[PDB]
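Asker: Could you work out the structure for the sequence below:
(3 chains)
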Amino acid sequence: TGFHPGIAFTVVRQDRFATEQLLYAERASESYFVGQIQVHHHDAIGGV
Amino acid sequence: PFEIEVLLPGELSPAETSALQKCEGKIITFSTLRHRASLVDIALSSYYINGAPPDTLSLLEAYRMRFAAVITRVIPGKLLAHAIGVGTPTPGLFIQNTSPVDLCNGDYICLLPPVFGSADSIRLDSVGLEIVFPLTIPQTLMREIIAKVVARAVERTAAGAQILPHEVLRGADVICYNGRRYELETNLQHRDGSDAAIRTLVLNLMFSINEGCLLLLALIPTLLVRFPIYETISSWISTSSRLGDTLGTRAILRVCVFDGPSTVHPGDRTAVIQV
Amino acid sequence: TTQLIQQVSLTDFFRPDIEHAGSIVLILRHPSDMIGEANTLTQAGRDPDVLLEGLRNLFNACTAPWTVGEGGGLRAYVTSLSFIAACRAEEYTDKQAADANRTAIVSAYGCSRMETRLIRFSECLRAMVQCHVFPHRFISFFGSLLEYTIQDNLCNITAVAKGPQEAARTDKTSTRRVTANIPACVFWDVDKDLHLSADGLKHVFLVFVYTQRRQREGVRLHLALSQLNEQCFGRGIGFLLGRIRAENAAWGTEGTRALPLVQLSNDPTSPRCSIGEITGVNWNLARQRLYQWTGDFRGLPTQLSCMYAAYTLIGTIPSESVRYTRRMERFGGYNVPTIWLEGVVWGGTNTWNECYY
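Answerer: Residues are numbered from 1 along each chain as shown, chains lettered A, B, ... in the order given. Provided below are the atomic coordinates:
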């Protein structure tokens, strides 16, 4: 009927805005090692 | 060391070719063992003898005793077919999903063509031959389904014979599984298979049960608080053995999808394999 | 000839890091039809309120209510059998080793907030067994799990139908050949009748005990290893569990004479009433002089409440002179009982039969 506030109250609001990102790395950041690659034969759902 | 390839109708109607292309992904029943199976369907319902020809049992026996086959694309001039029944195994086969019921991998599945309501089929006016696609379901669920169908048919017959109503609302009768709803006996009309072909079987089962329970109740219980009278018992035993033998256990199908989707719907990518 | 099945798993209910390779797992199923059929399964003998409360508290204890409850789409498929095997091993007259094995298991894998969940699961299964809901129709069999990987709440669980123990040769560790070790401390001793020379294609029977005692009803895992068919094994389980079968029958009878109609039906000149029944003029006036027999159905409303056999023909082995070997190892400070079962194949279909002879 009237909604008389006899006590204080608070609300919670959450926001999620997308943001961009910038990437920059120096020479001594990370290294890469090449492994061993081999040819294997498997079975598919309609063939090889 | 050769194989058997189906015939390819060259220079056919565009509508017929479109229908064949549309139904190419659907499962196609295998032909006969020796040469060909073309007039078997026509001759199956030839002995009508002035009445409804009993064909449910014959078609069930034919489907149980016959294997299946997988068709390939149609190329004008040359046709290719694959068979893994008695020929050579193939590295994987692609068959579109047909049964709307949900299926789970890693479990043994059976095959049983439904006879209640309606089933998917393909029929051509210029051909005159129809193919019924059996529904594949697990044996554990199939037993419950057939038991529920038998109970519903028995209760419907009792209600129709007693004249006065006898159906008691025991609660909800909706089966839910993985978000799929399945309602049975939602109507009491156009029942073309409820008491047409299985009526004789259910009547035989009922009278056998009645005679057996009467025979046991005659003298068996003791702790409760010129006619040899043996031909009927022998006939009951013979009929029970016959129905047990004809019940069958067709557990040869299996489902195994490599990294397949969780939910299954008609029109997906499944696999066909045996054990 | 190689088939693989991929399944998803969670981290709050299963930790693949503790489990090693070569383990055996069983795929479960969501009780979507069971929660609806429990009303008929409980029947008028018991009440469904206890089952409703049990499932309610099981759902409350289970995490992610928005996914589980009506479908096993986003739930953990693979479940560790070690916990249930240890829980059901209490009624085996052998607990000295079980307690020592479980003291470290509870301390490491458990702790935190798990005792309440364990008690809830135990009481839920006790209520399910007591109400005779038959929850054994969702147990299957799979091959060894020699590969496992997980990056973030997603385990790529893979398995095979057969067992390539003699041909895998992954060579991913210091070992040269793969192996599959699974504890079998719940193996029932059935050699009292086959202690003589018996060799050949032995069959493994997965028998589930279904007791009908007073507040001590439960299902315990059991194993067997003997070359037998479905008839001899059934007869053995029939006339070998006679005492417990009789006890269950006596407990389940929670509550009528002969009749001379057979003689008068057998002798000639029997009273036949067919034309009167067809006409219908004496539909009810002719049956009033018949034999009522004062029959009552309160003596035994149901008879399938004494089931105690749930054996399944799963698992085969063609090796001769089978003899399990148990050794000792360490996984960082806690020994684990492992049995060397390698270079064997398995297969077959499941046969769930409920025998109450």
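Asker: Specify the local secondary structure of residue B:5.
Answerer: When classified by DSSP: H, G, I helix; E, B strand; the rest coil, residue B:5 comes out as coil.
Asker: ok, it - how many residues close by?
Answerer: 13 (other C-beta atoms under 10 Å in any protein chain shown). Placement of C-beta: from N, CA and C, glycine included.
Asker: Would you mind listing the residues in contact with the residue of the stretch 151-275 of chain B found nearest chain C?
Answerer: Residue of the stretch 151-275 of chain B nearest chain C, by C-beta to the nearest C-beta: residue B:224 (3.8 Å). Residue B:224 is in contact with C:256, C:257, C:299, C:300, counting by C-beta atoms under 8 Å, 6 or more residues apart in numbering or on different chains.
Asker: which of these lies closest to residue B:18?
Answerer: Distance to residue B:18, by C-beta to C-beta, is smallest for residue C:300 among those, at 63.8 Å.
Asker: In space, what's closest to the closest one - neighbours in sequence excluded?
Answerer: residue C:253 (6.8 Å; C-beta to C-beta, 6 or more residues apart in numbering or on different chains).
Asker: how much space between the one you found and residue C:302?
Answerer: Here the criterion is C-beta to C-beta, to the nearest Å. By it, residue C:253 lies 10 Å from residue C:302.
Asker: for residue C:223, same thing?
Answerer: 31 Å.
Asker: ok, for the residue of the stretch 51-200 of chain C found nearest chain B, nearest residue in space, not its chain neighbours?
Answerer: Proximity of the stretch 51-200 of chain C to chain B (C-beta to the nearest C-beta) peaks at residue C:71, 4.2 Å away. With sequence-adjacent residues excluded and distances taken as C-beta to C-beta, 6+ apart, residue C:71 is closest to residue B:178, at 4.2 Å.
Asker: what's that neighbour in contact with, if anything?
Answerer: Residue B:178 makes contact with B:102, B:263, C:30, C:32, C:70, C:71, C:72, C:73 under the criterion C-beta under 8 Å, 6+ apart.
Asker: and the third one, how many neighbours?
Answerer: For residue C:30, the neighbour count with other C-beta under 10 Å is 19.
Asker: My guess is it contacts residue C:76. True?
Answerer: No: between residue C:30 and residue C:76 there is no contact under C-beta atoms under 8 Å: 11.2 Å.
Asker: Give me the common contacts of those two.
Answerer: With C-beta under 8 Å, 6+ apart, residue C:30 and residue C:76 have no common neighbours.
Asker: mind checking how far the residue of the stretch 151-275 of chain B closest to chain C is from residue C:299?
Answerer: Here residue B:224 is placed at a distance of 5 Å from residue C:299 (C-beta to C-beta).
Asker: anything in contact with each of the two?
Answerer: What both residue B:224 and residue C:299 touch, as defined by C-beta under 8 Å, 6+ apart, is the set residue C:256.
Asker: Any idea how many residues pack against the residue nearest to residue C:300?
Answerer: Residue C:253 sits with 12 neighbouring residues when counted by other C-beta under 10 Å.
Asker: same check, this time on residue C:32
Answerer: 19.
Asker: residues in contact with the residue of the stretch 201-350 of chain C found nearest chain A?
Answerer: For the stretch 201-350 of chain C, the residue closest to chain A is residue C:347, as judged by C-beta to the nearest C-beta, at 18.7 Å. Counting by C-beta under 8 Å, 6+ apart, residue C:347 makes contact with B:275, C:161, C:162, C:316.
Asker: Residue B:266 now?
Answerer: When the contact criterion is C-beta under 8 Å, 6+ apart, the partners of residue B:266 are B:96, B:97, B:98, B:99, B:100.
Asker: just residue B:104 next, same as before
Answerer: By C-beta under 8 Å, 6+ apart, residue B:104 lies in contact with B:255, C:27, C:29.
Asker: my guess is the second one meets residue C:77, correct?
Answerer: Yes: taking C-beta under 8 Å as the definition, residue C:27 is a contact partner of residue C:77 at 6.0 Å.
Asker: anything in contact with each of those two?
Answerer: Residues within reach of residue C:27 and of residue C:77 at once, by C-beta under 8 Å, 6+ apart, are residue C:7.
Asker: Out of the contacts of residue B:224, give me the two with the largest separation.
Answerer: Among the contacts of residue B:224, C:257 and C:300 lie farthest apart (C-beta to C-beta), at 14.9 Å.
Asker: neighbour-wise, which of those two wins?
Answerer: A direct count of neighbours by other C-beta under 10 Å for residue C:257 and residue C:300 places residue C:300 higher, at 14 against 10.
Asker: Is that one in a helix, a strand, or coil?
Answerer: coil.
Asker: I figured it was touching residue C:256, is that so?
Answerer: No: taking contacts as C-beta under 8 Å, residue C:300 lies outside contact range of residue C:256: 10.5 Å.
Asker: just the helices in chain C please.
Answerer: C:34-42, C:49-61, C:81-87, C:96-105, C:115-130, C:230-240, C:242-252, C:261-266, C:275-279 (DSSP state H).
Asker: got a markdown table for these, with mean neighbour count too?
Answerer: As requested, those are exported to a markdown table (neighbours: other C-beta atoms under 10 Å in any protein chain shown):
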| stretch | mean neighbour count |
| --- | --- |
| helix C:34-42 | 16 |
| helix C:49-61 | 14 |
| helix C:81-87 | 16 |
| helix C:96-105 | 13 |
| helix C:115-130 | 16 |
| helix C:230-240 | 14 |
| helix C:242-252 | 14 |
| helix C:261-266 | 12 |
| helix C:275-279 | 10 |
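Asker: For these, give me JSON lines that also has distance to residue B:91.
Answerer: Converted to JSON lines, the helices of chain C look like this (distance: least, C-beta to C-beta, whole Å):
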{"stretch": "helix C:34-42", "distance to residue B:91": "39"}
{"stretch": "helix C:49-61", "distance to residue B:91": "45"}
{"stretch": "helix C:81-87", "distance to residue B:91": "34"}
{"stretch": "helix C:96-105", "distance to residue B:91": "45"}
{"stretch": "helix C:115-130", "distance to residue B:91": "44"}
{"stretch": "helix C:230-240", "distance to residue B:91": "35"}
{"stretch": "helix C:242-252", "distance to residue B:91": "51"}
{"stretch": "helix C:261-266", "distance to residue B:91": "67"}
{"stretch": "helix C:275-279", "distance to residue B:91": "69"}
